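Working notes for the structure below.
Order of the sequence lines fixes the chain letters, A, B, ..., with proteins taken first and strands second; residue numbering starts at 1 for each chain. FYI, side chains are in, hydrogens and waters are out, and symmetry mates aren't considered; it's all heavy atoms of this structure.
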Amino acid sequence: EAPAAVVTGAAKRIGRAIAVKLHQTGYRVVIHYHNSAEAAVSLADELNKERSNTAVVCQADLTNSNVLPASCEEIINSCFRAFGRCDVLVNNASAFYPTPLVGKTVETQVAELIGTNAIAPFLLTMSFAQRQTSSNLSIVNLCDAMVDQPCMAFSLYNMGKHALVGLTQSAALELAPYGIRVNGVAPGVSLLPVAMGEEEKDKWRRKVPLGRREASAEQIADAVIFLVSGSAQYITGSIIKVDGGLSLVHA
Amino acid sequence: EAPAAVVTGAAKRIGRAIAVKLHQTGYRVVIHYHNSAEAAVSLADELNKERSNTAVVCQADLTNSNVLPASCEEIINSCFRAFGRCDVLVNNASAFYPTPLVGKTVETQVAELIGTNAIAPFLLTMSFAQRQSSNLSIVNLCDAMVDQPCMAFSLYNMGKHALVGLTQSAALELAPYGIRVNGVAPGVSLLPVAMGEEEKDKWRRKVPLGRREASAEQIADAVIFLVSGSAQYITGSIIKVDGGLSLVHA
Amino acid sequence: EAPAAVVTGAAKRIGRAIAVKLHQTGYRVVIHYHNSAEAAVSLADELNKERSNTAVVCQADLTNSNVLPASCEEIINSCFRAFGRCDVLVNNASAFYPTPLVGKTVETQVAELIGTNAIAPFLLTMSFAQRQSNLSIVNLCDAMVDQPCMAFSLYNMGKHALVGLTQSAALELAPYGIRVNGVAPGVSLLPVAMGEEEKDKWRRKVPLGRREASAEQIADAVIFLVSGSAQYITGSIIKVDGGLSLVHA
Amino acid sequence: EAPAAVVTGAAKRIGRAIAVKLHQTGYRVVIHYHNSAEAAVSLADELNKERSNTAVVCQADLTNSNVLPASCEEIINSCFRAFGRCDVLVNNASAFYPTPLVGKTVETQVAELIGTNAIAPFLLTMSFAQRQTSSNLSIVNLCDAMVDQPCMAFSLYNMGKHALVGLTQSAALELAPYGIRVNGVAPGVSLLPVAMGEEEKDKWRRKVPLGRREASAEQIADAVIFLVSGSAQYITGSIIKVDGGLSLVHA
Ligand SMILES: NC(=O)c1ccc[n+]([C@@H]2O[C@H](COP(=O)([O-])OP(=O)(O)OC[C@H]3O[C@@H](n4cnc5c(N)ncnc54)[C@H](OP(=O)(O)O)[C@@H]3O)[C@@H](O)[C@H]2O)c1
Ligand SMILES: NC(=O)c1ccc[n+]([C@@H]2O[C@H](COP(=O)([O-])OP(=O)(O)OC[C@H]3O[C@@H](n4cnc5c(N)ncnc54)[C@H](OP(=O)(O)O)[C@@H]3O)[C@@H](O)[C@H]2O)c1
Ligand SMILES: NC(=O)c1ccc[n+]([C@@H]2O[C@H](COP(=O)([O-])OP(=O)(O)OC[C@H]3O[C@@H](n4cnc5c(N)ncnc54)[C@H](OP(=O)(O)O)[C@@H]3O)[C@@H](O)[C@H]2O)c1
Ligand SMILES: NC(=O)c1ccc[n+]([C@@H]2O[C@H](COP(=O)([O-])OP(=O)(O)OC[C@H]3O[C@@H](n4cnc5c(N)ncnc54)[C@H](OP(=O)(O)O)[C@@H]3O)[C@@H](O)[C@H]2O)c1
Ligand SMILES: N#Cc1c(/C=C/c2ccccc2)[nH]c2nc(N)[nH]c(=O)c12
Ligand SMILES: N#Cc1c(/C=C/c2ccccc2)[nH]c2nc(N)[nH]c(=O)c12
Ligand SMILES: N#Cc1c(/C=C/c2ccccc2)[nH]c2nc(N)[nH]c(=O)c12
Ligand SMILES: N#Cc1c(/C=C/c2ccccc2)[nH]c2nc(N)[nH]c(=O)c12
């Protein structure tokens, strides 16, 4: 039987590339999404057309709330209902926008940014672990290579990403006796935000030592694939920067 | 005119030691507390006896919720109401208990552990900045062992990691306002009251420098430094005060 | 044409496992060694039996000295002499022994521990770049450099310096398309001299399986970093430590 | 009796400000220097005028060589000769220049950059510990807040500074049982090279979040004074950045 993976926020961009690569590798996939229902369904169609009964969708808001634990449980459940197992969890979904220290209420900003980047990852990890040889079980968290040199006015985003480093390490330690590995992949600049003008995008590309360009989504997915694979069986609690040297560049 | 500081969770232990040291240095202090009302008022009385009208208490739950931003704004407002200014914020209040991955609902655990250790510090920092040779700074009580965490303390460690990111992000953002943001990271200092002496000694014996925990005063000493004029170019730094504990491998 | 790799300290243990996987992957290999001449030749013989004219040995002391730059130049030169190209450098050779602060002179300890773990990697990196596909360097680092073994200050200093080199060289060589990365074991193959009770003490501390990494598990990470699946990765150090570095005292 | 400190590279700039502040705090000082004999002798004269026979000079090249251990031992010996004790060691002396990967020979560049920034600190640390409740013994290493975002083409310098972090941590662990604390101070940009034009100085100044200015030498010395003080007696293995936030600033 083919192993199964949950990928959060998998309808577009890097999450989509991760789902596709895992599927190409032989995984059945749960495509979690929030608002991008058309893209999610279209991706499930494409993957199932390649191999029948290998992709489903699951919608959920991952904003922090009283009902988030239930939603996270239901996401993991959807993998078991469809495929009978859940071998890999990829925590990719993420809110990302500025939250100046000096639009939404601040409590909503907290809920969205800390929920998606940290609390949902923790609750999903709990549900994954509770629900569990030649098993190769693991979790991959999408972190941020620049968390120690953060973007101006993104404090809640950076707090969420830092908490996700903490979860990666804490869960690596705690889940190791069950054979569940927990690792991260830290992009620098990859797919720039769609809102961004090609001029502003070019300002970022020029800062990258390796090629003066952003990472493709596929290059990010390559690191996830490595971490879930049998070639990474002794690796837990590690975060692999995939940043073309960007984090090494001083101001 | 004496400057003024808010210390969160200041009724006892490390927060009291910080409040006391700041008061001894010349500061007027807001002693914030949650449940420890008797201890808070008792400390405030001791301090006012030493110097009249230099200490007030301020009660608030710092659990995460939709009114937490209001509560934090009110804590800052309380400093201005009592003292007409707010020079220093010390983010010390913290919930600390295990949350195993495999009593309280997980919703509550998230709200308390992430609220006290990260979200309240963030909201307090916002309110502090919004209300502003001054020497304005914020000091966050971090944790020296965040990269070598206690087993089954995921949410607490997430909250402390978030606090490091706040320290950094806020140091970057508030520098143009003259507001320095730094941290102090104990390893083992005052052990939990619920801990047995045998288990306390097991932790003590792990510390290279003296085989003992830091006194609360030792932690406060590092806070005093960071708020002082001796630290005027220091921002975004977290000073471990851990007697070498974090350097010791398994 | 097959690409070519230099692996330092490749006669035995982890460096051997790295040479072997690189060769299995398609590389021609320079098996650098210092004292383990028969092991080096035996490995070359095995690899050439598999594919003729694809392995050579190269002898060099990597202790710091005024001739170290010439020796490191000669190692890289030996790869071009055998294979006409040098695509991958793996800085694996390492001295490892205590140097307490309170047989060998301290001058010698410094030369050996800092030469092998830091200065030789620097000079090999210089010569690698000067002599220039998917070009990259991998440095064997140490997952425990922030929680070091007692009385191992010079070894730890060298391993810290090697993190600095990994970072500085990734930055400086990126415009040449040369990626520079690290792999950081926690406990992998335990020292030959170490007694079994002391080995078991270390094994019990590893969260993931309560065992040391095989040399092959360390090599797997090296293979990933030199591969086309790591083309945007530079300046990264991948811990391969079973969670050991996360364990508090 | 007053305590005594050795400060390496103390004739000018940051080392000088550190020596002066220690002396002001009540310490007797060994002013180590290499080439700056006029400056070192003048400083000791100024300090001795303030309090008799409270300063001595000691010249040594801290380049790595066969004689470096003896030299470092003699620096420490000079403090015991002068003052009968040695309570504080400040490893401040440092060579700093580019060594591009692609005219001093490279072996000389190694010897100077690695010798001054790491090997000499290690040998001084050995000699200091070998010579050793009322006592307050400590070492402070001058590190670099930018070691993870290094200057282009400064690999050997950056290697030396990283090795110094390693030493700081290793020596902290190992010397803790003797009551010797080992810490660092990590400037970002402080006194800029003396030749540097103001317009280049301004390029770095404009990057510093806290006041768009470099640190004074005195601001650096303030962190050293804290670390050797009785207010830091539980602090060991810590490196305090004194950088105005510069290291937090992305490319
Ligand atoms: N792109 C980069 O350069 C970069 C850099 C550093 C780190 N990273 C990290 O890498 C990962 C992928 O980045 P990316 O640019 O592909 O991400 P992204 O497009 O910004 O967001 C990925 C998905 O997150 C989901 N999402 C957002 N808010 C949500 C909520 N409240 N509930 C549930 N899902 C929500 C969205 O789903 P729907 O579209 O279905 O609504 C969105 O498609 C992220 O974790 C990110 O932080 C990316
Ligand atoms: N002790 C250590 O060894 C150690 C080690 C590492 C880090 N630290 C850090 O240093 C700081 C001080 O440590 P400590 O041991 O003195 O702390 P503590 O006694 O565990 O907590 C201090 C105060 O936090 C307040 N608090 C807890 N939950 C709260 C809530 N929901 N709302 C508002 N306030 C709440 C409590 O106030 P009331 O009593 O008034 O309810 C409590 O007195 C903490 O940030 C801690 O994480 C300590
Ligand atoms: N094993 C572990 O648990 C572990 C843990 C952390 C990091 N690492 C790192 O991983 C790498 C491989 O580890 P390992 O245990 O396989 O290494 P090792 O067996 O201790 O050393 C590998 C080789 O280094 C060479 N070497 C030593 N001194 C030399 C000198 N002066 N000049 C030239 N070559 C010299 C030796 O070659 P000859 O035999 O030919 O003389 C030796 O076979 C090392 O960089 C090590 O620091 C290993
Ligand atoms: N300035 C900054 O912004 C900055 C930034 C990051 C870190 N730091 C660190 O802070 C410390 C002080 O910086 P600084 O700018 O004041 O340093 P500096 O002026 O560049 O150098 C300090 C002294 O080092 C001594 N020195 C140089 N080469 C030597 C050798 N071969 N042997 C013995 N002594 C030697 C020199 O002594 P003589 O003059 O007597 O020859 C020099 O005066 C250094 O460790 C530095 O790396 C400084
Ligand atoms: N660009 C970019 C993003 C980044 C980049 C982070 C960064 C932080 C500091 C400096 C440079 C880049 N993080 C993202 N997260 C989500 N969910 N979506 C995104 O588009 C990005
Ligand atoms: N002991 C202890 C504490 C710690 C210790 C953290 C630790 C983590 C890993 C290894 C050792 C100590 N953090 C605390 N936070 C609060 N609010 N109160 C506490 O009593 C502690
Ligand atoms: N075990 C082990 C080794 C280690 C392990 C380092 C370590 C440091 C701190 C805590 C645990 C392991 N490094 C080695 N380097 C070389 N060249 N050879 C070795 O055998 C080892
Ligand atoms: N400026 C500067 C210096 C620096 C600055 C290092 C740096 C590295 C990366 C980014 C910014 C500054 N280090 C120095 N060391 C010595 N001995 N002397 C110096 O003048 C400096």
Is there a donor-acceptor contact under 3.5 Å from the side chain of [X] to the main chain of [Y]?
X: C:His32; Y: C:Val6; result: no
X: C:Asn48; Y: C:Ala55; result: yes
X: C:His34; Y: C:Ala60; result: no
X: C:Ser42; Y: C:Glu38; result: no
X: A:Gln149; Y: A:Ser247; result: yes
X: D:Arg13; Y: D:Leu191; result: yes
X: C:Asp61; Y: C:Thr63; result: yes
X: C:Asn181; Y: C:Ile233; result: yes
X: C:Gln132; Y: C:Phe128; result: yes
X: C:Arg51; Y: C:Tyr27; result: yes

Reported [atom1]-to-[atom2] distance for the pair [X] and [Y], which is rounded to 0.5 angstrom:
X: C:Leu154; Y: C:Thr99; atom1: CG; atom2: OG1; answer: 4.0 Å
X: D:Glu174; Y: D:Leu167; atom1: CD; atom2: CG; answer: 10.0 Å
X: C:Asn35; Y: C:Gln59; atom1: CG; atom2: CD; answer: 7.5 Å
X: D:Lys161; Y: D:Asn141; atom1: NZ; atom2: CG; answer: 8.5 Å
X: C:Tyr176; Y: C:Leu135; atom1: OH; atom2: CG; answer: 13.0 Å
X: C:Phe122; Y: D:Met159; atom1: CZ; atom2: CE; answer: 6.5 Å

Is there a side-chain contact between [X] and [Y] in this structure, where contact means two heavy atoms from C-beta onward sitting under 4.5 Å apart?
X: D:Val165; Y: D:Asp144; value: no
X: C:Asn66; Y: D:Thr105; value: no
X: A:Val249; Y: A:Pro209; value: yes
X: C:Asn134; Y: C:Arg179; value: yes
X: C:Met150; Y: D:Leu173; value: yes
X: C:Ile137; Y: C:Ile178; value: yes
X: C:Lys21; Y: C:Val222; value: no
X: D:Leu62; Y: D:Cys72; value: yes

Any chance the side chains of C:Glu74 and C:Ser78 put a donor and an acceptor closer than 3.5 Å?
yes
Can you see whether C:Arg28 engages C:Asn53 through a side-chain donor-acceptor pair at a distance of less than 3.5 angstrom?
no
After noting the C-alpha distance and the side-chain angles of C:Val41 and C:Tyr33, does the key distance pass the side-chain contact (heavy atoms from CB on, under 4.5 Å) rule?
CA-CA 10 Å; C:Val41 172; C:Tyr33 74 93; 5.8 Å; no
What are the two closest heavy atoms between [X] and [Y], and how far apart are they?
X: D:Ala186; Y: D:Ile239; answer: CB-CG2, 3.8 Å
X: C:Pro3; Y: C:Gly26; answer: CD-O, 4.0 Å
X: C:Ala82; Y: C:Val56; answer: CB-CG1, 3.7 Å
X: D:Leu246; Y: D:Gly188; answer: CD2-C, 4.3 Å
X: C:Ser188; Y: C:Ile218; answer: OG-CG1, 3.6 Å
X: C:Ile31; Y: C:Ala11; answer: CG2-N, 4.1 Å

Can you tell me if A:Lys207 has over 12 outside heavy atoms packed within less than 6.0 Å of its NZ?
yes
Does D:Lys104 qualify as a cation-pi partner of D:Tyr97, given the criterion of NZ or CZ under 6.0 Å from the six-membered ring centre and within 45 degrees of its axis?
yes
May I have the step-by-step check of side-chain contact (heavy atoms from CB on, under 4.5 Å) for D:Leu101 and D:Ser155, ending in yes or no?
CA-CA 8 Å; D:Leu101 286 168; D:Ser155 62; 4.1 Å; yes
Stepwise, does the side-chain contact (heavy atoms from CB on, under 4.5 Å) test hold for D:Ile114 with C:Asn64?
CA-CA 11 Å; D:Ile114 307 299; C:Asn64 193 45; over 6 Å; no
Go through the steps to decide whether C:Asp146 and D:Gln169 satisfy the test side-chain contact (heavy atoms from CB on, under 4.5 Å), and finish with yes or no.
CA-CA 7 Å; C:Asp146 296 321; D:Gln169 304 187 323; 2.9 Å; yes
In terms of ring plane angle, is the pair C:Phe96 and C:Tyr155 parallel, tilted or perpendicular, where the classes change at 30° and 60°?
perpendicular
